[PDB]
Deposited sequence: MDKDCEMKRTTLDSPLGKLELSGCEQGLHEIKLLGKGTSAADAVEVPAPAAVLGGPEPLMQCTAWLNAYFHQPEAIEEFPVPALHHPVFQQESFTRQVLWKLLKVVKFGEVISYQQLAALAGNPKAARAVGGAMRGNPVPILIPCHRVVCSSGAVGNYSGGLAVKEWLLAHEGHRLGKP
């Protein structure tokens, strides 16, 4: 893992993309490799072309959580593959969806644990009460057309 970084300007501020050649390791908000370019492209699309987003290639993930099966990995995967743009799901819904229905709260942890936010929409996961750096979650949701309250 000979680490590589790169920072991209976004509506949210400065996103620092870091990963190796075997994939993206992490997307982090502050305020030369392919999985990095793919991710940069993808992120740009998400911000200025959410229509053709499903067209841009998802970068390869190489963060340790993505190096072996873990409930947390199952979740993050399910979440990315199932819940698409503009949609939302509740912790428990995802929990069951991932396999474990009673792991609603664990899923919350999995969300806290996501190393690649925005790419892996952990913002699209809300409370089964409809309830929703909170600013950013709300900004992403607004960007995906959601109401307030």
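Comparing the deposited sequence with the modelled residues, the stretches lacking C-alpha coordinates are 1 to 4, 36 to 54, 156 to 160, 178 to 179.
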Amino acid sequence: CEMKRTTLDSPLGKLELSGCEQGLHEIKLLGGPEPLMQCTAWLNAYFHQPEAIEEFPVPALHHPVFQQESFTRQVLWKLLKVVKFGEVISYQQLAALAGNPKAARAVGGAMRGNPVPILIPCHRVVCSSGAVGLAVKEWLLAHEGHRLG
From here on, numbers count along this sequence of modelled residues.
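Rigid core (definition): largest C-alpha set, two forms, superposition within 1.5 Å.
Using the rigid core as the fitting frame, the root mean square C-alpha deviation in 4 other deposited structures of this protein is greater for 32 to 40 than for the other of 119 to 127 and 32 to 40. A fit on the rigid core, followed by a root mean square over CA positions in 4 other deposited structures of this protein, ranks 43 to 51 against 88 to 96 and picks 43 to 51 as the more shifted one.
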